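[1] for now just these chains, pulled out of the complex without moving them:
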Amino acid sequence: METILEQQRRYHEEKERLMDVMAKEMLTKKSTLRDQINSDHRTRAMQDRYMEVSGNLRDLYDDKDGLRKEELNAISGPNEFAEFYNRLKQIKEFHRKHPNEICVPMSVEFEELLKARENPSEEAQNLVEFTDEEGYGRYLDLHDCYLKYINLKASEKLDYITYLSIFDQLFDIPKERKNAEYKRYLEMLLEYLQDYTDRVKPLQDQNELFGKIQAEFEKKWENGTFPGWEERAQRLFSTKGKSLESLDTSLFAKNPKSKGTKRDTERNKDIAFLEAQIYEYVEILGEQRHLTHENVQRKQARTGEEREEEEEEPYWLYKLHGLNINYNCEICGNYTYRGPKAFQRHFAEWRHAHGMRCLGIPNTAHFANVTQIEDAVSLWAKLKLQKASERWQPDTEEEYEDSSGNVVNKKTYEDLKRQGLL
């Protein structure tokens, strides 16, 4: 197999087709947010497929460095080419043209008029990744988080506006203790906010953003990211102040700070990372949180009907010529025909021939004035028997006397004679 010649060119053609499909998707205008989110998800899937194809093609270079000495040699050539042509010299009886060598990846990376989705992305749906209250990235669902916060706080003195004001803080004082059970709800709220940020922009590099967030949490947040003018340096895990930078560096490797506490850097590192991720998601998606707060205020200020509307978004010839007397035929869909002059003519017309073909019986003068099915099939059996009888069938009707005994056995049919003479 030509893995360096044919497979690399096929991977390059697939990458060029994916880039052309991405350019055609980016050049087309958008009219709705859900269709734009679906197009962005399809472009992200096509970019992931192109990255996988490039990673598969980039690993096919180990044998190429060994085969380049034999491929670039001018001493070789038409011997192996003539051997491959003799291998390609098989029977050409498969008379079938295949124009889908390059047209099939072009049609797989395209959409239809009824549904604007690609062929690998035909099973993708925007309702399986986002809820109806989010609006495909327009707002964020915070009713379940507010219910969980009200269940954890064990008090009914916190509304949605108070929860939105408590969630709007980034570096202020927290509402509850850092070593309490609110961190288990904050980690779930951060894991939901990370999925909401990854769903609001599928075309952005999530791995590079996660690596940048991890680098900012390790190199900056773990080394005093909030300087002061106890107020000079504050620790997120130990929740205590520091006199200077040397005292904080000496206390960073201390025994209560490493593992000798309940909020040290060994056990409470994941909660601090989740809090940093929640702060980064609140700083990156503050406009979506403000839009969700404005939508919640508009839903609270509205009435019941406004909220329902927001959630819903020659009579003599008649009897002289034969009319008023109707006849029906089962062979013709129980089609009821009018006066006899038309009824007698219908057997020759198209509809009756069609109805008769359904059973497989030809239209002849024998099957006239016959309107029922079973009568037709019985008369067809009769006519078949009659005609088949009255013909001359030489196969069963013939007297051969084979030369096996040559003076006996004249009861041989026309088939046993061939079997004896074979």
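    Structure's in. What do you need? Numbering: from 1, shown residues only, chains lettered A, B, ... in the order given.
[2] can you list contacts of stretch A:214-234?
    A:171, A:235-236, A:240-245, A:248, A:272-273, A:276, A:280 (C-beta atoms under 8 Å, 6 or more residues apart in numbering). (C-beta placed from N, C-alpha, C; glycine too.)
[3] by contact count, what packs against the strand or helix carrying residue A:198?
    According to DSSP states H and E, residue A:198 maps onto helix A:182-200. Where contact means 3 or more C-beta pairs under 8 Å, 6 or more residues apart in numbering; DSSP states H and E, helix A:182-200 is packed against helix A:143-153, helix A:269-284.
[4] if we go to 10 Å?
    If contacts are counted by 3 or more C-beta pairs under 10 Å, 6 or more residues apart in numbering; DSSP states H and E, helix A:182-200 sits against helix A:33-58, helix A:143-153, helix A:160-167, helix A:206-219, helix A:269-284, helix A:286-301.
[5] single out the most deeply packed of those helices.
    helix A:269-284 (a mean of 18; mean count of other C-beta atoms under 10 Å).
[6] now do that one against helix A:182-200, angle only.
    50 degrees (axes from the mean of the first three to the mean of the last three C-alpha atoms, to 10 degrees).
[7] pull the distance from helix A:269-284 to the chain's centre.
    Centroid separation between helix A:269-284 and its chain, computed with C-alpha atoms, centre = their mean, to the nearest Å, is 33 Å.
[8] compute the inter-axis angle for it and helix A:160-167.
    Using the same axes, to 10 degrees: helix A:269-284 against helix A:160-167 is 110 degrees.
[9] and helix A:269-284, what does it pack onto?
    helix A:182-200, helix A:206-219, helix A:286-301.
[10] could I get the last one in CSV with only the CA atoms?
    Okay, so that is helix A:286-301. Only the C-alpha atoms of helix A:286-301 are listed here, as CSV (Å, rounded to 0.1, in the frame of the first residue of the first chain):
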residue,chain,number,x,y,z
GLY,A,286,-20.2,38.2,33.1
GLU,A,287,-22.3,39.5,30.2
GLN,A,288,-24.3,36.2,30.1
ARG,A,289,-24.8,36.4,33.8
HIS,A,290,-26.0,40.0,33.5
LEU,A,291,-28.4,39.0,30.7
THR,A,292,-29.7,36.1,32.8
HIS,A,293,-30.2,38.5,35.7
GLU,A,294,-32.0,41.0,33.4
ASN,A,295,-34.2,38.1,32.1
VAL,A,296,-35.0,37.0,35.7
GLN,A,297,-35.9,40.6,36.6
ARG,A,298,-38.1,40.9,33.5
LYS,A,299,-39.8,37.6,34.4
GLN,A,300,-40.3,38.7,38.0
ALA,A,301,-41.7,42.1,37.0
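[11] and chain B on top of that:
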Amino acid sequence: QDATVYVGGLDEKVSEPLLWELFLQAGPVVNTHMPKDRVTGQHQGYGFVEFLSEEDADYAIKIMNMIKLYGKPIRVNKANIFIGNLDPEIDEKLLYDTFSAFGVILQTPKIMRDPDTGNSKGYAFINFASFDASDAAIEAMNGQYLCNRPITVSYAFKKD
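    Chain B, in position alongside the others:
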């Protein structure tokens, strides 16, 4: 329709038994049909020959194609620019290849057909890429010697 062959380009010398006698050497032509006009009461140049087998109709279409019968381009077939008095022996691909020498064609051309026979009406419509190809067709192709039929190219729509 498969066993019958539609003949186009018949003059006044050709008749209904004459086409059956001329098509008798190609195959067993069972019947001949000639639609008469309403204003003149004669044949419009297009007729049909219903044979017994489809192979005889295929041989008549492959043998009597673009023939000069009665001083007319008779041809048998399987039954903004305006071109008139065109020969029925040419197809859409043949007209596209003939129009490709003057200018570039935007798409595949279409030829008008009769509602009864459906082989050839007599006029066709073709669209060019620009007005220069239309002017070259009105200067050169409007009057060129086609296959035994003087065609006439004209503008379909023009604004004064």
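[12] once more on what packs on helix A:182-200, this time with chain B?
    helix A:33-58, helix A:143-153, helix A:160-167, helix A:206-219, helix A:269-284, helix A:286-301 (3 or more C-beta pairs under 10 Å, 6 or more residues apart in numbering or on different chains; DSSP states H and E).
[13] how about 6 Å then?
    Secondary-structure packing of helix A:182-200 (3 or more C-beta pairs under 6 Å, 6 or more residues apart in numbering or on different chains; DSSP states H and E): helix A:143-153, helix A:269-284.
[14] the ones you listed: which one's closest to residue A:100?
    Among these, the nearest to residue A:100 by C-beta to C-beta is helix A:269-284 (44.3 Å).
[15] can you list the neighbours in contact with the closest one?
    A:170, A:183, A:187, A:190, A:193, A:197, A:213, A:217, A:221, A:236, A:237 (C-beta atoms under 6 Å, 6 or more residues apart in numbering or on different chains).
[16] name the nearest residue to the fifth one, sequence neighbours excluded.
    Looking back up the chat, that one is residue A:193. Spatial nearest neighbour of residue A:193, excluding adjacent residues (C-beta to C-beta, 6 or more residues apart in numbering or on different chains): residue A:281 at 4.0 Å.
[17] cool, and residue A:163?
    Using C-beta to C-beta, 6+ apart, the closest residue to residue A:163 is residue A:146 (4.5 Å).
[18] correct me, but the one you found touches residue A:164?
    No - using C-beta atoms under 6 Å as the test, residue A:146 is too far from residue A:164 to be in contact (8.4 Å).
[19] going along the chain, name the helices of chain B.
    With helices called from DSSP state H, chain B shows them at B:16-22, B:54-63, B:92-99, B:131-136.
[20] any figure for the gap between the residue nearest to residue A:163 and residue A:159?
    Per C-beta to C-beta, to the nearest Å, residue A:146 is found 8 Å from residue A:159.
[21] can you give me how far stretch A:372-392 is from the chain middle?
    Distance, centroid of stretch A:372-392 to centroid of chain: 57 Å (C-alpha atoms, centre = their mean).
[22] while you're at it, add chain C from this line:
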Amino acid sequence: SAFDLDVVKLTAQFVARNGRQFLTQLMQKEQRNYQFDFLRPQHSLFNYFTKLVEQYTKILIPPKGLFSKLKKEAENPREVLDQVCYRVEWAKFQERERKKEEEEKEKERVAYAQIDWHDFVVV
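    Let me put chain C in with the others:
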């Protein structure tokens, strides 16, 4: 049409490894009693065979995957998005140039159909 496409792909793979324009693995095969009608430029398949030979020559580039590894197209979606935006801008510029050429052709057709063709002067 699979056998002819495979023969054209084999000819494009054997002709891309040549060290000269006429000293290839297909010019000597023509004198070796091997019928190959796709080598002549008069056939319509020669335009596809030339594109296949160009793709085989572009598959032998040093950034094509022979002695180097691509990092921008394989490990950066933002570079691919910028390349797609540049391709869309180039397609929009080509469409604008085609519209300008069509407008110039319409202006030339309007000027040619309005000039006086009766003022003839033979010098």
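[23] try the contacts of stretch A:214-234 again now we have chain C.
    Taking C-beta under 6 Å, 6+ apart as the rule, stretch A:214-234 contacts A:241, A:242, A:248, A:276.
[24] and the residue in chain B that chain A sits nearest to, what does it touch?
    Distances between chain B and chain A by C-beta to the nearest C-beta are smallest at residue B:1, namely 16.0 Å. Neighbour list for residue B:1: residue B:79 [criterion: C-beta under 6 Å, 6+ apart].
[25] recalculate using a threshold of 8 Å.
    B:78, B:79 (C-beta atoms under 8 Å, 6 or more residues apart in numbering or on different chains).
[26] list the buried residues for stretch A:7-21?
    A:8, A:9, A:10, A:11, A:12, A:14, A:15, A:17, A:18, A:19, A:21 (16 or more other C-beta atoms under 10 Å in any protein chain shown).
[27] go on, stretch B:69-88?
    B:69, B:72-77, B:79, B:81, B:83, B:86-88.
[28] equivalent analysis for stretch A:358-365, please.
    For stretch A:358-365, by 16+ other C-beta under 10 Å, it's A:361, A:363.
[29] picking up where we left off before, what separation is there between the residue of chain B closest to chain A and residue B:30?
    For residue B:1 relative to residue B:30 (C-beta to C-beta), the value is 14 Å.
[30] one more: residue A:137?
    Applying C-beta to C-beta to residue A:137 and residue B:30 gives a distance of 73 Å.
[31] the two: who's more crowded?
    More crowded of residue A:137 and residue B:30, by other C-beta atoms under 10 Å in any protein chain shown: residue A:137, with 21 against 14.
[32] out of the buried residues of stretch A:7-21, who's nearest residue B:49?
    Nearest to residue B:49 among the buried residues of stretch A:7-21, with distances taken as C-beta to C-beta, is residue A:17, at 51.6 Å.
[33] contacts only, for the nearest residue to residue A:408 once chain neighbours are set aside.
    Of all residues not flanking residue A:408 in the chain, residue A:401 sits nearest, at 7.9 Å (C-beta to C-beta, 6+ apart). Taking C-beta under 8 Å, 6+ apart, we find residue A:401 in contact with A:408, A:409, A:410, A:412.
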